[PDB]
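Visitor: The structure's right below; bear with me while I get my questions together.
There are 2 protein chains.
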Amino acid sequence: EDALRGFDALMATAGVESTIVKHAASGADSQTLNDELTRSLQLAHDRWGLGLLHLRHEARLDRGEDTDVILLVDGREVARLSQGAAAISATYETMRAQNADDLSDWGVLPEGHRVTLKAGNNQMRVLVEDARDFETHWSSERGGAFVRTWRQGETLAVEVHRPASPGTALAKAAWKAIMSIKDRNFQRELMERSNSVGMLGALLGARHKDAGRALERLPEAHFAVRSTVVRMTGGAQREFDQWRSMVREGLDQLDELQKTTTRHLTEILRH
Amino acid sequence: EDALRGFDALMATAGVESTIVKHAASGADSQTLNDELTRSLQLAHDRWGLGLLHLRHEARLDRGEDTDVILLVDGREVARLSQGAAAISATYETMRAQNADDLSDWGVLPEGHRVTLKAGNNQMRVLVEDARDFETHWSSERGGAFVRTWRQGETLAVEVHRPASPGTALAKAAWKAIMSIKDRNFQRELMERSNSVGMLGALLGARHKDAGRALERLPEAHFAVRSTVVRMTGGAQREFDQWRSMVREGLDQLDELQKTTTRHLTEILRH
Numbered sequence: 021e022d023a024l025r026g027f028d029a030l031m032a033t034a035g036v037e038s039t040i041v042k043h044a045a046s047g048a049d050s051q052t053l054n055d056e057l058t059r060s061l062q063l064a065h066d067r068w069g070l071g072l073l074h075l076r077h078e079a080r081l082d083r084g085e086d087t088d089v090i091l092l093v094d095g096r097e098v099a100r101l102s103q104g105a106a107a108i109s110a111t112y113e114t115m116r117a118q119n120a121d122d123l124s125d126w127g128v129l130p131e132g133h134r135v136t137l138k139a140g141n142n143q144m145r146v147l148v149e150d151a152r153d154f155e156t157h158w159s160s161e162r163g164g165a166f167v168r169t170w171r172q173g174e175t176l177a178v179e180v181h182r183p184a185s186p187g188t189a190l191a192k193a194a195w196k197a198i199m200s201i202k203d204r205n206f207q208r209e210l211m212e213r214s215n216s217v218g219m220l221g222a223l224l225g226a227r228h229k230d231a232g233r234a235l236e237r238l239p240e241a242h243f244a245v246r247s248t249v250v251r252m253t254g255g256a257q258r259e260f261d262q263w264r265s266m267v268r269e270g271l272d273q274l275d276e277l278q279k280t281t282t283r284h285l286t287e288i289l290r291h
Numbered sequence: 021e022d023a024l025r026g027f028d029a030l031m032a033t034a035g036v037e038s039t040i041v042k043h044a045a046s047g048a049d050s051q052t053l054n055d056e057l058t059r060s061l062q063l064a065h066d067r068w069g070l071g072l073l074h075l076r077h078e079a080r081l082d083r084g085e086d087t088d089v090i091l092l093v094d095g096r097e098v099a100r101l102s103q104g105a106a107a108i109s110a111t112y113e114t115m116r117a118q119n120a121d122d123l124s125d126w127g128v129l130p131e132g133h134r135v136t137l138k139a140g141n142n143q144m145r146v147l148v149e150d151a152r153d154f155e156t157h158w159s160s161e162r163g164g165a166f167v168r169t170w171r172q173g174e175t176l177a178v179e180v181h182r183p184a185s186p187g188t189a190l191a192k193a194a195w196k197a198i199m200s201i202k203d204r205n206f207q208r209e210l211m212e213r214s215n216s217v218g219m220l221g222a223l224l225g226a227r228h229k230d231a232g233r234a235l236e237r238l239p240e241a242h243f244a245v246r247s248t249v250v251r252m253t254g255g256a257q258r259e260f261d262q263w264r265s266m267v268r269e270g271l272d273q274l275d276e277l278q279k280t281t282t283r284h285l286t287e288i289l290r291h
């Protein structure tokens with residue numbers, strides 16, 4: 021029964037408007053349900069930013085009962101939702117790798133000479149206009165963000181991410197939930213307790229918890245949103261102006277989405 | 021040597037523009053220096069809101085060396101600044117008393133039938149217009165504030181305070197100082213540490229402290245600003261409209277001042 025809501029909560033960690041409950045009860049074709057799951061999962065991963073973009077993430081339904089949702093990588097069974105979110109997180113963590121900096125060391129395209137951008141400006145104009153495949157190293161974009169870009173065939177793509185952590189997501193949403201209390205005496209008491217237990221600790225103590233009893237069961241606890249990817253397949257792929265436009269779009273979507281998730285997080289913080 | 025700066029820091033806990041260093045080095049008359057100290061201290065106390073308005077707070081300089089500043093109550097020596105701020109705080113705490121609620125139980129005027137306002141509207145119009153002395157119980161003002169008022173002779177006065185604590189002051193200023201870092205990686209690291217040590221703990225760890233080494237020495241650690249009093253002696257004392265005006269003024273000053281102290285606090289948080 022409960023697999024549908026699990027997956028929806030998972031997706032909800034990112035701006036993923038899953039409608040699986042509106043089709044699972046509609047008798048939708050199993051292959052179309054799986055297809056939609058998979059597209060949702062892939063988008064989810066673009067948002068989470070694990071640097072696992074080099075993999076095929078697929079999602080399936082089970083044939084037996086109690087019907088669960090299988091997470092697969094490259095057609096191999098990896099996880100199931102019934103394992104709880106934390107296990108899925110650790111599973112994905114064993115897959116991710118980081119370089120000398122706190123950044124993904126992987127790269128998207130099959131291995132082999134990722135572009136050492138170094139410096140320069142017309143550096144990439146050549147690549148957008150006159151190049152088959154390539155992928156850049158990370159660009160240390162000054163605006164508090166890191167970005168890289170690649171193209172595969174007729175598809176051009178850019179990703180942007182800020183180094184984040186569910187803990188920063190929770191600090192923001194928890195402080196914001198404390199500010200939204202609108203009960204200065206109770207708020208005062210909780211702020212006073214935050215001095216020793218942090219924002220989250222105080223908020224947990226307010227709801228008759230010992231160490232986040234329901235917290236560990238909920239997804240948002242780990243793998244917050246920290247990245248986004250903009251891609252286009254189509255004539256404009258080499259326009260370059262389109263490329264700056266993608267970058268702008270990506271920054272805008274990153275900021276909007278992480279603020280949106282803090283909004284939803286803060287919301288559930290007060291229930 | 022160091023007494024001047026101590027007192028100035030003390031006063032700085034509230035919007036008290038002490039200039040004692042500009043007169044102690046000017047050879048100002050000792051009685052005028054003491055007088056100014058005393059007026060400053062009394063204002064400070066109006067701001068802090070200990071419900072000790074029934075006392076005479078006076079401040080003196082010492083004749084010997086190393087010349088210190090004496091805090092007196094009703095002409096008796098109570099504390100000296102060289103004792104550090106925390107001791108002064110505990111001293112004042114032994115003096116304060118709270119009723120069934122987290123409010124001062126004392127009242128301003130000599131004891132005896134503080135006005136049980138209860139309900140009613142023309143309740144007080146009589147008192148402003150046609151009454152010698154009186155003082156109300158606390159009014160549970162809906163706007164997240166508690167207020168009471170009294171008159172002594174030709175002087176009419178109102179106080180307003182919000183129940184506060186230096187810890188709430190520090191939570192606000194610390195979160196605000198974290199947001200003012202403008203270094204998303206370092207900020208991220210400190211936010212992550214806040215999860216277990218609170219905002220203040222993280223900020224202390226960033227400055228090579230174990231438990232706020234210099235923190236305990238600085239005043240702002242305790243007795244934050246939580247109250248303000250507006251008083252007038254003069255014809256308008258019975259105008260009543262003037263009374264609403266005082267109330268408005270008091271709320272405005274309370275909000276402005278506590279925000280100002282959070283500003284200055286946050287400022288020193290990043291040094």
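So the sequence lines, in the order shown, correspond to chains A and A'. A prime marks a further copy of an entry chain.
Here the entry's author numbering is used: the first residue of the first sequence is 21, the next is one more, and so on.
Here the entry's author numbering is used: the first residue of the second sequence is 21, the next is one more, and so on.
Just so it is clear, CB atoms sit at the ideal spot from N, CA and C, and this is done for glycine as well.
Is residue 234 of chain A' helix, strand or coil when you go by DSSP?
Guide: Numbered from 1 along the second sequence, position 214 holds the residue referred to as residue 234 of chain A'. Correct three-state label for residue 234 of chain A': coil.
Visitor: What does the alpha-carbon distance come out to for the pair residue 282 of chain A' and residue 214 of chain A?
Guide: Position 262 of the second sequence, counted from the start, is the residue given in the question as residue 282 of chain A'. Position 194 of the first sequence, counted from the start, is the residue given in the question as residue 214 of chain A. The alpha-carbon atoms of residue 282 of chain A' and residue 214 of chain A are separated by roughly 17 Å.
Visitor: Tell me the rounded alpha-carbon separation between residue 130 of chain A' and residue 153 of chain A'.
Guide: Here residue 130 of chain A' refers to the residue found at position 110 when the second sequence is read from its first residue. Here residue 153 of chain A' refers to the residue found at position 133 when the second sequence is read from its first residue. So the alpha carbons of these two residues sit roughly 10 Å apart.
Visitor: Could you tell me which chain A' residues have their CB closer than 9 Å to the CB of residue 158 of chain A, listed as they occur along the chain?
Guide: The count along the first sequence starts at 1 and reaches residue 158 of chain A at position 138. What residue 158 of chain A touches in chain A': nothing, since even the nearest Cβ is about 14 Å away.
Visitor: Per DSSP, which one or two residues make a beta bridge with residue 185 of chain A?
Guide: Taking the first sequence and counting its residues from 1, one reaches residue 185 of chain A at position 165. Paired residue(s): none; residue 185 of chain A is not in a bridge.
Visitor: For the region 139 to 150 of chain A' against the region 116 to 127 of chain A', are there 3 or more C-beta pairs whose distance is under 8 Å?
Guide: As far as the Cβ criterion goes, the region 139 to 150 of chain A' does not touch the region 116 to 127 of chain A', which means the pair count is below three.
Visitor: Whose C-beta lies closer than 8 Å to the C-beta of residue 186 of chain A among residues of the same chain, with five residues either side of it excluded?
Guide: Within the first sequence, residue 186 of chain A is the residue found at index 166, counting from 1. So the list reads 240, 241, 242, 243, 244, once near-sequence residues are dropped.
Visitor: What in chain A is Cβ-close to residue 200 of chain A', meaning under 7 Å?
Guide: Indexing the second sequence from 1 puts residue 200 of chain A' at position 180. Those do not exist, as residue 200 of chain A' stays about 14 Å from chain A at its closest Cβ, beyond 7 Å.
Visitor: Which residues in chain A sit within 9 Å of residue 141 of chain A', going by Cβ to Cβ distance?
Guide: One-based indexing of the second sequence puts residue 141 of chain A' at position 121. Simply none; closest approach about 25 Å.
Visitor: I'd like to check one pair, residue 66 of chain A' with residue 249 of chain A': are the Cβ atoms closer than 8 Å?
Guide: Counting from 1 along the second sequence, the entry for residue 249 of chain A' is found at position 229. Counting from 1 along the second sequence, the entry for residue 66 of chain A' is found at position 46. Cβ distance < 8 Å, so residue 249 of chain A' and residue 66 of chain A' count as in contact.
Visitor: With DSSP as the reference, please indicate the residues paired to residue 99 of chain A' in a beta bridge.
Guide: Sequence index remark: in the second sequence, residue 99 of chain A' carries index 79 (1-based). DSSP lists A':91 as partners of residue 99 of chain A'.
Visitor: When DSSP builds the beta bridges, which residues end up paired with residue 176 of chain A?
Guide: The residue you call residue 176 of chain A lines up with position 156 of the first sequence. Per DSSP, A:171, A:252.
Visitor: By the 10 Å Cβ neighbour count, where 16 or more other Cβ atoms means buried, how is residue 173 of chain A classified, buried or exposed?
Guide: In the first sequence, counting from the first residue as 1, residue 173 of chain A sits at position 153. When all chains shown are included, residue 173 of chain A counts as exposed.
Visitor: Establish whether the CB of residue 211 of chain A' and some CB of chain A are separated by less than 8 Å.
Guide: One-based indexing of the second sequence puts residue 211 of chain A' at position 191. Output row for residue 211 of chain A': interface = yes.
Visitor: Thinking just about the alpha-carbon of each residue, which of A':52, A':79, A':210 is nearest to the one in residue 96 of chain A'?
Guide: Residue 96 of chain A' sits at position 76 when you count from the first residue of the second sequence. When each option's Cα is compared against that of residue 96 of chain A', the closest is A':79.
Visitor: Tell me whether the beta-carbon of residue 77 of chain A' lies closer than 8 Å to the beta-carbon of residue 57 of chain A'.
Guide: Locating residue 77 of chain A' in the second sequence gives position 57, where the first residue counts as 1. Locating residue 57 of chain A' in the second sequence gives position 37, where the first residue counts as 1. The answer is no: Cβ separation not under 8 Å.
Visitor: So which residues of chain A does residue 205 of chain A' contact, with C-beta pairs closer than 8 Å?
Guide: What you label residue 205 of chain A' is simply residue 185 of the second sequence in a count that begins at 1. Neighbours of residue 205 of chain A' on chain A, chain order: 122, 183.
Visitor: Using C-beta distances below 8 Å, list every residue in its chain close to residue 44 of chain A, excluding the 5 sequence neighbours before and after it, in chain order.
Guide: Position 24 of the first sequence, counted from the start, is the residue given in the question as residue 44 of chain A. Here the set comprises 24, 53.
Visitor: Measuring CB to CB, does residue 274 of chain A' end up less than 8 Å from residue 193 of chain A'?
Guide: Translated into the one-based positions of the second sequence, residue 274 of chain A' becomes position 254. Translated into the one-based positions of the second sequence, residue 193 of chain A' becomes position 173. It is not a contact, given that the beta carbons lie outside the stated cut-off.
Visitor: Would you kindly work out how many angstroms separate the C-alpha atoms of residue 69 of chain A and residue 231 of chain A', rounded to a whole number?
Guide: Residue 69 of chain A sits at position 49 when you count from the first residue of the first sequence. Residue 231 of chain A' sits at position 211 when you count from the first residue of the second sequence. About 36 Å.
Visitor: Excluding the five sequence neighbours on either side, which residues of its own chain have a C-beta within less than 8 Å of the C-beta of residue 119 of chain A', listed in chain order?
Guide: Numbered from its first residue, the second sequence carries residue 119 of chain A' at position 99. Excluding positions up to five away in sequence, the list reads 125.
Visitor: Please list, in chain order, all residues of the same chain as residue 166 of chain A' whose beta carbon is under 8 Å from its beta carbon, the five residues on each side excluded.
Guide: By 1-based counting over the second sequence, the position of residue 166 of chain A' is 146. 123, 158, 159, 160, 180, 181, 182, 183, listed in sequence order.
Visitor: Assuming residue 107 of chain A contacts residue 99 of chain A (C-beta within less than 8 Å), just tell me the rounded distance between them.
Guide: To locate residue 107 of chain A, count along the first sequence from 1; it is residue 87. To locate residue 99 of chain A, count along the first sequence from 1; it is residue 79. The pair is a contact, with the Cβ atoms about 7 Å apart (cut-off 8 Å).
Visitor: So residue 116 of chain A packs on residue 71 of chain A, CB below 8 Å; how close in whole Å?
Guide: Here residue 116 of chain A refers to the residue found at position 96 of the first sequence. Here residue 71 of chain A refers to the residue found at position 51 of the first sequence. Contact holds; Cβ gap of about 6 Å.
Visitor: With a cut-off of 8 Å, does the C-beta of residue 191 of chain A' fall near any C-beta of chain A?
Guide: By one-based count along the second sequence, residue 191 of chain A' stands at place 171. By this cut-off, residue 191 of chain A' is an interface position.
Visitor: Going by the DSSP bridge assignment, what does residue 27 of chain A' pair with across the sheet?
Guide: Residue numbering aside, residue 27 of chain A' sits at position 7 when the second sequence is read from its first letter. BP columns for residue 27 of chain A' are empty, so no partner.
Visitor: Buried or exposed: which applies to residue 218 of chain A', given that a residue is buried once 16 or more other Cβ atoms fall within 10 Å of its Cβ?
Guide: Numbered from 1 along the second sequence, position 198 holds the residue referred to as residue 218 of chain A'. Residue 218 of chain A' comes out buried.
Visitor: For residue 274 of chain A', name the three-state secondary structure that DSSP assigns.
Guide: Sequence index remark: in the second sequence, residue 274 of chain A' carries index 254 (1-based). Note: residue 274 of chain A' maps to helix in three-state DSSP.
Visitor: Using C-beta distances below 8 Å, list every residue in its chain close to residue 188 of chain A, excluding the 5 sequence neighbours before and after it, in chain order.
Guide: Within the first sequence, numbered from 1, the residue matching residue 188 of chain A stands at position 168. Contacts found: 244.
Visitor: Report the rounded CA-to-CA distance for residue 198 of chain A versus residue 36 of chain A', giving the unit in angstroms.
Guide: Position 178 of the first sequence, counted from the start, is the residue given in the question as residue 198 of chain A. Position 16 of the second sequence, counted from the start, is the residue given in the question as residue 36 of chain A'. Residue 198 of chain A and residue 36 of chain A': Cα-Cα distance of roughly 30 Å.
Visitor: From residue 220 of chain A' to residue 201 of chain A, what distance separates their C-alpha atoms?
Guide: Here residue 220 of chain A' is taken as the residue at index 200 of the second sequence, counted from 1. Here residue 201 of chain A is taken as the residue at index 181 of the first sequence, counted from 1. So the two alpha carbons sit approximately 21 Å from each other.
Visitor: Going by other Cβ atoms of all chains shown within 10 Å of its Cβ, with 16 needed for buried, is residue 26 of chain A' buried or exposed?
Guide: The residue you call residue 26 of chain A' lines up with position 6 of the second sequence. Classification of residue 26 of chain A': buried, given that the 10 Å Cβ count is 16 or more.
Visitor: What are the boundary residues of the alpha helix (DSSP H) that residue 106 of chain A is part of?
Guide: As a first step, residue 106 of chain A is located in the first sequence; it is residue number 86 there, counting from the start. Here the alpha helix (DSSP H) through residue 106 of chain A covers 104 to 115.
Visitor: With DSSP as the reference, label residue 209 of chain A' as helix, strand or coil.
Guide: In the second sequence, residue 209 of chain A' corresponds to position 189, counting from 1. Looking at residue 209 of chain A' - three-state DSSP - the assignment turns out to be helix.
Visitor: Could you round the C-beta distance between residue 177 of chain A' and residue 264 of chain A' to whole angstroms and report it? I think they count as a contact, below 8 Å.
Guide: As a first step, residue 177 of chain A' is located in the second sequence; it is residue number 157 there, counting from the start. As a first step, residue 264 of chain A' is located in the second sequence; it is residue number 244 there, counting from the start. About 14 Å separates the two Cβ atoms, so there is no contact after all.
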